[PDB]
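Sharing a structure with you now.
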Amino acid sequence: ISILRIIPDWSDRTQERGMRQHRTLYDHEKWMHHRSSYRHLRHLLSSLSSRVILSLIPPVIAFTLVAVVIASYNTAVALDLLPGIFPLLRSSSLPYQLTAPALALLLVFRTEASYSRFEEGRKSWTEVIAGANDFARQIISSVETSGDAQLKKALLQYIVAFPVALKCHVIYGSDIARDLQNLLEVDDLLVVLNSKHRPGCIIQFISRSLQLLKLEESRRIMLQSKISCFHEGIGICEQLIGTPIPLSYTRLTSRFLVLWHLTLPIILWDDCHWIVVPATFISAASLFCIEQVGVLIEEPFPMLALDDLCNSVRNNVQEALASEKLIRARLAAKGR
Amino acid sequence: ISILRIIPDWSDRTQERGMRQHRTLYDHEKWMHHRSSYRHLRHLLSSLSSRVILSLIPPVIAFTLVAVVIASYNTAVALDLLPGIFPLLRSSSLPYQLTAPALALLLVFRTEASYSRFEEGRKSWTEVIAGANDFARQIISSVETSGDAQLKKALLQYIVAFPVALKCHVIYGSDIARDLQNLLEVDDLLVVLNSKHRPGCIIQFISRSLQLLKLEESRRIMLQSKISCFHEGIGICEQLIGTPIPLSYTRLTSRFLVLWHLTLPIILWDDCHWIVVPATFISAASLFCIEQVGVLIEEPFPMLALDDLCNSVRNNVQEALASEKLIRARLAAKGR
Amino acid sequence: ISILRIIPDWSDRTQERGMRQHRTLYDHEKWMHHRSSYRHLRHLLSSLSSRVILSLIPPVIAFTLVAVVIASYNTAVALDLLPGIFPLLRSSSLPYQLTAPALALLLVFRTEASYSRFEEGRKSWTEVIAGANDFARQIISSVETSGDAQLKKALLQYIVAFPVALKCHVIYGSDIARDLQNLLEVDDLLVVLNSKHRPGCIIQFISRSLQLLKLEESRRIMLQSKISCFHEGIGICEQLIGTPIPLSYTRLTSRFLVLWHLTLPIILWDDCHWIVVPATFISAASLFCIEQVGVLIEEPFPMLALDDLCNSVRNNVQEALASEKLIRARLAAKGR
Amino acid sequence: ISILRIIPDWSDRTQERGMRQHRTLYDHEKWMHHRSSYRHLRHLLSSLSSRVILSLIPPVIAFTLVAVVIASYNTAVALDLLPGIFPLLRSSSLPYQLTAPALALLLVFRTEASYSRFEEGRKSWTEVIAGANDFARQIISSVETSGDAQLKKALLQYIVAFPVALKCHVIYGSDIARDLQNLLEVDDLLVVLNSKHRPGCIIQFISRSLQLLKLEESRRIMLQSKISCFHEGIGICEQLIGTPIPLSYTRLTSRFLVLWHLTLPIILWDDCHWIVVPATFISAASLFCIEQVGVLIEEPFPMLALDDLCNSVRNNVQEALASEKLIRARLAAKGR
Amino acid sequence: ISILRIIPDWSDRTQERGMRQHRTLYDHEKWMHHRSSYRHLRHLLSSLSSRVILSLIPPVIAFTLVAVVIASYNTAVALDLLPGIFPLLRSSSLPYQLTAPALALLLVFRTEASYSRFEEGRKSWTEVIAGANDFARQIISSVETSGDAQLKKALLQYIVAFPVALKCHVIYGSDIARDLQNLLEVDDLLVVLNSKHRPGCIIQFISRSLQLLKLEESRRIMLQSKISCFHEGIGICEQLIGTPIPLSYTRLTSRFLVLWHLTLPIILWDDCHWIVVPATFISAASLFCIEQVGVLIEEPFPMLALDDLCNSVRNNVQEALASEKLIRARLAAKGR
């Protein structure tokens, strides 16, 4: 049997297969294609290849089968085939015209709640990447002692490694031992691997490196006040992945949807007979789609493009280390 | 009599029994189950085991009984059994089709107001746990004097004890003497027990420990500027548990709901006769459910999973104290 | 005449009498009663004792009298009593079915605007009370010189007096000379009384006390950076009480309501005859109630429970001063 | 001709005449009058004296004339006066019953967008006035040297002058040479007058005054960190007056309104004949009014009462300078 | 063929041609014209010259052609021209009257999501320009050594160059080598040109200039704490241009729109015959317009007027450098 727990398992397999897809940062050409006139034709032709439509098949099939049974029973009562003790399963649409606004508002507000979490995650990552950039810039400008060349090089290696370590902590199946192969030294990477909380371990490396630096006390206090950003980022990411939206607030939306779609063929039979099947199909493909988008967007980190966000910090620190000698030579030639 | 103050007392007993339920942080597998295709069937089969549906029985029963009396009186006036001086209790639906949007918007906005408080509580806890982590990291990195080993150990014990003490202050029936058994020393725990404001007492311990530390004045000022986070967290939690949403804003929603559900059988009699009973049942189970979710989510701390949030800080400080010697040995071998 | 400026004056007298009502912080038992099943019956039986319903009588009576005149004129044109030159005052409901959403959205958005101001006031007070707590804690921990015992005692007296002084500034009829009797000394209270801006005067006392303290310059700069919170709190409270929501944004809502309720009997006459009186009554009691809640919640400080918020700071500083000797004795016994 | 560019010019003249109206801060009595029962009668009787209703005449007259032409043509086709080749200009209301929600939501959301800008401006001013108060308080408490009496007096004169200078920069026709007559000295005011950016010039005065003050370096750094508030305030005000809401987002609302009101008589003719004129009148007076309120509130500074906000800072600094000797004498008598 | 990929390519060419349009800051006269009575006539006459209407032709033409085919087939089935096996393609409007609210809310919420990004971009730029102003003011006031005249002049040149460099990074086709011709020296501009991340390079110049300045350590730490604003601004701009709104959240809106507009002639045929063509035209020109505005506003930087925002900082630093001697001479004459 196709409906006997086969469609829902295939839907889940495909949905989890689509979660681990490579994302890239938008540049200007992608934005041109996004704003283009062909966008509507594109989105149409891209369905049956998207997570949201492929994960929507079970509900829509279930609610179309119910409408076919309602229709085939009301059609059996008329032009009667069965004993006259069975009534027509029909009703008035007036009760559901006074409640449609409530269901519409509840679905749209739940989707907005989910988008809020998406935005929170994006901002948290924005502040982490900005802070890693600013800390690395300050370390390059501040650390000047010839005797602390070795520790500075290590100190800039642990900053670039922090966004990667945090990205491996919030993404289900990633290998931190492969992403940090070329960043950390062989002996420092084993200390990170033995730790249960890898980003916490890299923070401890950075904090201990800043103590052994022969800086003035004022400058050391200034430098070590930038670590608080990494703590805040770790916190926000852990809470966004640990603490979902209220389950009451979500089961409400689910229960209301199922009840509305079960009795919708009964209120619509009186005016459109046998047209309730496509009406139920369209209602189930629209209202359930709105809920599904919100469910997918809610743990936000699988759809954020963190690899290019980490690569940006890596590239920026490499560029800043390469451009040091030219800038120092240009600023040395001021009045001489 | 089942309706004579029996259902509302059983509903309250069950509702308060469900408030004190153990919550856990979501990991990745829980998120897989949450996003799955079987979610709708699950939420259906989980009803009659949830707070929101079990606390919804009194209103829905009350408003279905009213509809049965309206119906059984209108049915008595037709095919008359009674003197002809009694009129039919019927009306037009047109007045309620111009006001449905207002009730829908008012209910959904009240629920969003409640979710705002839920989010405020979650963020407050996020900042408290992040700050406890950051303070503990800085104390481990900064305190280096051999003569202050004893006070440092105590200083890290009062940081881990702060989130627990704050969690026992915002949760109705918890024993702080059992949660802090293995964290604080026997003599320091009695000073916390005799205090009316336990988190305030632990803050006073931390502040006094930071004065007796033989630190430089700049470093002491840097360290003691991290205590402000704990004050802010205490404040926000106390205000969220002390100051609810305006009672005007809540009694409005309640009064409007009761009035709409009392007269709903009268406006719906003219088109659906005797179908007003199930219509009233569905309207009362949907509109009252939306309000109930909002009432439950509004004091937010019973549904936040604070035990795993405190355990995280405990584990992190233990891991950081265990990994100190390896990190110091690795950073010592830079140029030697 | 009852309607000749008698009902509106009694309504105003009662409304202003209900503004000055004692509020208490919610504890856990109050929250139990709030979430209970009996809440709906309670809110019903509590009407005719609430500000919002007693201040709603004039509009609802005015709009019910209009409907009675419309009805008694349409009933006079039919079964004619009058010359045939007078037409029936009836219309179509179709124009008002395309505009109902706009009025619903405008009323609900105005109420949300008002709740935003309520939340702003609550947060402002949260930050003021948290800052007073944190400043007092730091003064207790930092000030250690035996020669500055007298000034420290005064310095902690002006912190506790600040929330009270600010509460008397934002509450219409309060006596600051009675609330500060037991807090300030007899000579310092006369300097506060002669000032036009009392919270500003207490801030000047705190700032001058921090200069005469024989502290190190770093520690004095740290201590006097906490006064900025009190300035910010004063600012926000003054702006919330001085600058209301745009009068355009409010007169719009009022004008739209009055116009909709004047012509509502004319559009509803064609389907429900003489049932327009109760329909007008219900519409005026619902739509006007939504607006009234928003008007009451808008200057937010009369409904915030500031006395218990100030008493909290008083109690906390007393408890911290009493627990000093035990904490110092416990921390002295670390390695000796 | 009254309609030939006469009504729109008179409307603009009156609208710009009403922009430059004196505003005062609300005290408690004004709040009593605002919350009163007579408010609805007041707002009614105040129309034909308000900006929003007087600037609404052109659109409402234009759309009522269109409805009169539609009606007088449909009435000419019936009881025919003209050749039978002209059809009746009638339609079905069903298309506009599925789109009314969209127009309602778009208008209300645009008005909320405008109120957001109003709130941004109010908060920006709140932070500027609070910061000017806090800077002035700190300068009074900190500057103690007898040799810097002359510069301190000037330093407090430039703080009070800053809110006035910023208010003259964001208000169209104000004279800064008259508002600063009694605040600045005759020679310092000419340097401000010759500058293109007056608030920027006063900031440069304050910054240069803080360098010539014989303060300790820590205290000078603390004092000059308060200037950043004035920069932030200048920025926010300039951006709010320079960068309006997207013109796409505004022309959409305008175009949709004009199209809906042009064809509204055609869809409403089929049920109400000749009643489309008042229906069009009411729709144009309600929907256009909602848009107009939003247009007026959008550059927010003409309706904020900045003169009383500046006068507050002036009064507070005068009061603090007058109360210095009493506070110093009271604090001197602590143990002596 | 006009419809064979000709209209969509011309629409895209025109749309991208309109993206690169010069924007200016609003002054007071522009605000007068914006609030004027003639605004509605203006917006009407300005269509067929706007991006949003010219990019709306393909969808509206496509959905009007569908309605013409539906109409010309239903008209062929009636007054039959074809074999009687073909049914009438008609339906009931009742299913779409219960779903209209959902589509309205989804479109308006997506447009609000886009406006949120517009506001984020505006605020980010506000903070960058304010910070550049404040840093430049502090450098002018602080740097006093005669031997560091040459480096100060350069230091003020790199601050003014930062907003320009950031503007060339977020705007598709701009020449940074032409915008910085008169700002930077010939040798310093080549170091900026060779860099992949130009704003990052200018930040490295500023940081290295602040190290070679013979300042006190406290003052150097104060000055170099202002660079963090430029990092935060770079971050926010890069994330706003790299990370768009969820594609699920956007393809949902597109798919729902296309499905609603394809079947709209079928539900509207039963009451308005052949009037479905203009109804489809109006629905497609309104609902698609709302979506298009949101798509255009979403990457926010092409419609922000950044050239006048950079020119403001340039002018302000020139004015502050010119007014230094007058202010110093005025403040020198205090007691002498």
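Per-chain numbering from 1; labels A, B, C, D and E assigned in written order.
Methods note: a contact is a pair of C-beta atoms (placed from the backbone, for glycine too) under 8 Å apart; a residue touches a chain by one contact, two chains touch by 3 or more.
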item	value
Approximate Å spacing (C-alpha centroids) for the pair subunit C, subunit E	39
Averaged-CA centre spacing for the pair subunit B and subunit A, given as whole angstrom	24
Sites on subunit D at which at least two other chains make contact	97, 101, 103, 105, 218, 296
Graph class of chain-chain contacts, one of line, ring, star, complete, other	ring
Traversal of the chain ring from subunit A via subunit B	A, B, C, D, E
In the complex with subunit D, residue positions of subunit C that touch it	7-9, 11-12, 15-16, 55, 58-59, 91-92, 94-95, 97-99, 101-103, 105-106, 109, 113, 116, 150-151, 154, 172, 187-188, 191, 194-197, 200-201, 203-205, 207-212, 217-218, 221, 224-225, 227-228, 231-232, 234-236, 238-239, 241-246, 248-249, 251-252, 254-259, 263, 295-296, 299
Touching residues on subunit C, where the partner in the complex is subunit B	25-26, 28, 31-32, 34-40, 43-44, 46-47, 50-52, 93, 96-97, 100-101, 103-105, 107-108, 111-112, 115, 118-119, 122, 125-127, 129-131, 133-134, 137-138, 140-142, 144, 216, 218-219, 222, 268, 271-272, 275, 279, 282-283, 286-287, 289-290, 293, 296-297, 303-305, 308, 312, 315-316, 319-320, 323-324, 326-328, 330-331, 333-335
